[PDB]
Amino acid sequence: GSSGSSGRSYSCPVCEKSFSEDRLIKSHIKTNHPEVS
Ligand SMILES: [Zn+2]
């Protein structure tokens, strides 16, 4: 509902998980989610 906060963040639409780095989310999904994309 309340809208007033948005930026450039990389979220994991696979396991609704978040990461600090931008290269972590990429590798994570790759390994963690091998055939779940
Ligand atoms: Zn994930």
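Numbers run from 1 along the shown chain.
Cβ coordinates come from backbone N, Cα and C, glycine included.
Among the features that the PDB entry reports, expression tag is placed at 1-7.
Under the heading zinc finger, Swiss-Prot lists 10-33. Residues or ranges marked as Zn(2+) 9 binding site in Swiss-Prot: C12, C15, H28, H33.
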From the centroid of the CB atoms of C12, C15, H28, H33, the recorded Zn(2+) 9 site, which same-chain residues not already listed sit within 8 A by their CB, in sequence order?
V14, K17, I25, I29, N32, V36
Cβ-Cβ under 8 Å with the expression tag (1-7): same-chain residues at least 6 beyond its ends:
none
Among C12, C15, which are binding-site residues, the residue with the most C-beta atoms within 10 angstroms of its C-beta:
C12
Binding-site residues: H28, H33 - member with fewest neighbouring CB atoms within 10 Å:
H33
Where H28 (Zn(2+) 9 binding site) sits in the secondary structure, as DSSP reduces it to three classes:
helix
From the DSSP assignment alone, can you count helix, strand and coil residues within the expression tag (1-7)?
0 helix, 0 strand, 7 coil
